[PDB]
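Enquirer: Sharing target22.cif (mmCIF, C-alpha atoms) below.
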```
data_start
loop_
_atom_site.group_PDB
_atom_site.id
_atom_site.type_symbol
_atom_site.label_atom_id
_atom_site.label_comp_id
_atom_site.auth_asym_id
_atom_site.auth_seq_id
_atom_site.Cartn_x
_atom_site.Cartn_y
_atom_site.Cartn_z
ATOM 1 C CA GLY A 1 14.695 75.251 -44.374
ATOM 2 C CA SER A 2 17.782 73.607 -45.929
ATOM 3 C CA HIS A 3 19.619 70.250 -45.831
ATOM 4 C CA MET A 4 22.801 70.382 -43.688
ATOM 5 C CA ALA A 5 23.682 74.061 -44.284
ATOM 6 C CA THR A 6 23.409 76.437 -41.295
ATOM 7 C CA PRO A 7 25.593 79.380 -40.225
ATOM 8 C CA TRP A 8 28.009 79.072 -37.218
ATOM 9 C CA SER A 9 27.432 75.291 -37.427
ATOM 10 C CA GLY A 10 30.514 73.252 -38.484
ATOM 11 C CA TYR A 11 30.177 70.856 -35.526
ATOM 12 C CA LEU A 12 26.347 71.068 -35.423
ATOM 13 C CA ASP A 13 26.343 68.369 -38.149
ATOM 14 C CA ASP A 14 29.111 68.977 -40.738
ATOM 15 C CA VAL A 15 32.225 67.960 -38.796
ATOM 16 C CA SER A 16 30.115 65.555 -36.724
ATOM 17 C CA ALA A 17 29.451 63.562 -39.933
ATOM 18 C CA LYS A 18 33.214 63.223 -40.487
ATOM 19 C CA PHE A 19 33.888 62.869 -36.739
ATOM 20 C CA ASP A 20 31.057 60.724 -35.307
ATOM 21 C CA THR A 21 30.041 58.615 -38.359
ATOM 22 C CA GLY A 22 33.506 59.066 -39.950
ATOM 23 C CA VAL A 23 35.720 58.025 -37.005
ATOM 24 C CA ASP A 24 33.036 55.699 -35.539
ATOM 25 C CA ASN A 25 32.979 53.966 -38.941
ATOM 26 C CA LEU A 26 36.788 53.611 -38.870
ATOM 27 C CA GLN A 27 36.549 52.322 -35.273
ATOM 28 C CA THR A 28 33.923 49.666 -36.110
ATOM 29 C CA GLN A 29 35.538 48.704 -39.448
ATOM 30 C CA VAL A 30 38.673 47.292 -37.763
ATOM 31 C CA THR A 31 36.276 45.505 -35.393
ATOM 32 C CA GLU A 32 34.854 43.731 -38.454
ATOM 33 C CA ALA A 33 38.435 43.408 -39.714
ATOM 34 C CA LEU A 34 39.024 41.750 -36.309
ATOM 35 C CA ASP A 35 36.296 39.092 -36.587
ATOM 36 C CA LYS A 36 37.358 38.842 -40.255
ATOM 37 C CA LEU A 37 41.105 38.539 -39.517
ATOM 38 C CA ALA A 38 40.576 35.737 -36.996
ATOM 39 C CA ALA A 39 38.066 34.379 -39.568
ATOM 40 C CA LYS A 40 40.736 33.408 -42.099
ATOM 41 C CA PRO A 41 43.929 31.722 -40.838
ATOM 42 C CA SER A 42 47.275 33.587 -41.148
ATOM 43 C CA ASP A 43 46.213 35.589 -44.229
ATOM 44 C CA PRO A 44 47.811 38.527 -46.054
ATOM 45 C CA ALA A 45 44.620 40.343 -46.976
ATOM 46 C CA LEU A 46 42.536 39.976 -43.767
ATOM 47 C CA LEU A 47 45.420 41.110 -41.506
ATOM 48 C CA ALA A 48 46.429 43.793 -44.045
ATOM 49 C CA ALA A 49 42.780 44.843 -44.000
ATOM 50 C CA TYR A 50 42.470 45.541 -40.236
ATOM 51 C CA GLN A 51 45.893 47.234 -40.450
ATOM 52 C CA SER A 52 44.910 49.244 -43.562
ATOM 53 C CA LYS A 53 41.984 50.593 -41.526
ATOM 54 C CA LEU A 54 44.299 50.980 -38.515
ATOM 55 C CA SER A 55 46.966 53.195 -40.166
ATOM 56 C CA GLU A 56 44.085 55.240 -41.636
ATOM 57 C CA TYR A 57 42.274 55.360 -38.281
ATOM 58 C CA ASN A 58 45.226 56.339 -36.036
ATOM 59 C CA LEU A 59 45.987 59.094 -38.576
ATOM 60 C CA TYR A 60 42.232 59.838 -38.708
ATOM 61 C CA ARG A 61 42.228 61.060 -35.075
ATOM 62 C CA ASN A 62 44.846 63.689 -36.031
ATOM 63 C CA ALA A 63 43.592 64.516 -39.564
ATOM 64 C CA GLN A 64 39.883 64.937 -38.649
ATOM 65 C CA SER A 65 41.078 66.980 -35.635
ATOM 66 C CA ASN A 66 43.247 69.236 -37.841
ATOM 67 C CA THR A 67 40.688 69.449 -40.684
ATOM 68 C CA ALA A 68 37.576 70.164 -38.564
ATOM 69 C CA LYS A 69 39.316 73.234 -37.063
ATOM 70 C CA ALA A 70 39.841 75.009 -40.415
ATOM 71 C CA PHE A 71 36.393 73.743 -41.493
ATOM 72 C CA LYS A 72 34.391 75.531 -38.759
ATOM 73 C CA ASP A 73 36.734 78.530 -39.214
ATOM 74 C CA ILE A 74 35.964 79.064 -42.942
ATOM 75 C CA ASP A 75 32.263 79.491 -42.025
ATOM 76 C CA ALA A 76 33.261 82.380 -39.726
ATOM 77 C CA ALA A 77 34.117 84.298 -42.931
ATOM 78 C CA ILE A 78 30.886 83.383 -44.775
ATOM 79 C CA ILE A 79 28.939 85.498 -42.235
ATOM 80 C CA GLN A 80 31.293 88.422 -41.486
ATOM 81 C CA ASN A 81 32.893 88.422 -44.961
ATOM 82 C CA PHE A 82 30.095 86.526 -46.821
ATOM 83 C CA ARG A 83 32.981 84.654 -48.598
#
```
Written as structure tokens, how would this file's structure read?
Expert:
Amino acid sequence: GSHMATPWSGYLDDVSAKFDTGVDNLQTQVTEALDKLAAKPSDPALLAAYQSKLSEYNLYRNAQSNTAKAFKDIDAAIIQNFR
């Protein structure tokens, strides 16, 4: 068959890679950033690190949610319009 490339999929694996692995990665990264922040005393980088992942994560929930929609939609044209 093929590698990650099926019709009417989008969430079958595409979006899921940016949603599950993507967001799950952003959710576990701050966890590391957590054990890492408490690792070093009051530090600029460690704290900035968990936050850097935070601001990107909180926005992630909205972005990935607004990007996945148009993503699965474009495929709808590759079958009816062949795009």
Enquirer: Under the rule of at most 8 Å, produce a per-residue listing of stretch 14-33 of chain A near stretch 54-74 of chain A: chain, number, name, the closest pair of atoms, and the distance in Å, as JSON lines, using all atoms listed in the file.
Expert:
```
{"residue": "A:15", "atom": "CA", "partner": "A:68", "partner_atom": "CA", "distance": 5.8}
{"residue": "A:18", "atom": "CA", "partner": "A:64", "partner_atom": "CA", "distance": 7.1}
{"residue": "A:19", "atom": "CA", "partner": "A:64", "partner_atom": "CA", "distance": 6.6}
{"residue": "A:23", "atom": "CA", "partner": "A:60", "partner_atom": "CA", "distance": 7.0}
{"residue": "A:26", "atom": "CA", "partner": "A:57", "partner_atom": "CA", "distance": 5.8}
{"residue": "A:27", "atom": "CA", "partner": "A:57", "partner_atom": "CA", "distance": 7.1}
{"residue": "A:30", "atom": "CA", "partner": "A:54", "partner_atom": "CA", "distance": 6.8}
```
Enquirer: Quick check, in Å to one decimal: how far apart do atom CA of residue A:9 and atom CA of residue A:76 lie?
Expert: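 Interatomic distance, atom CA of residue A:9 to atom CA of residue A:76: 9.5 Å.
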Enquirer: Between atom CA of residue A:45 and atom CA of residue A:31, what distance in Å does the model show, to one decimal?
Expert: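 So the answer is 15.2 Å.
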Enquirer: What do you get, as a PyMOL selection string, if you spell out every residue that the PyMOL selection byres ((chain A and resi 49) around 10) selects here?
Expert: chain A and resi 29-30+32-34+36-37+43-48+50-54
Enquirer: The PyMOL selection byres ((chain A and resi 7) around 12) - which residues does that actually catch in the file I just gave you? List them as a list in words.
Expert: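 On this input, the PyMOL selection byres ((chain A and resi 7) around 12) captures residues 2, 4, 5, 6, 8, 9, 10, 11, 12, 13, 14, 72, 73, 74, 75, 76, 77, 78, 79, 80 and 82 of chain A.
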Enquirer: Step by step, gather every atom of stretch 2-7 of chain A that the file lists, find the box along x, y and z that holds them, add 8 Å on each side, and finally give centre and edge lengths in Å to one decimal, as JSON.
Expert:
```
{"center_x": 21.7, "center_y": 74.8, "center_z": -43.1, "size_x": 23.8, "size_y": 25.1, "size_z": 21.7}
```
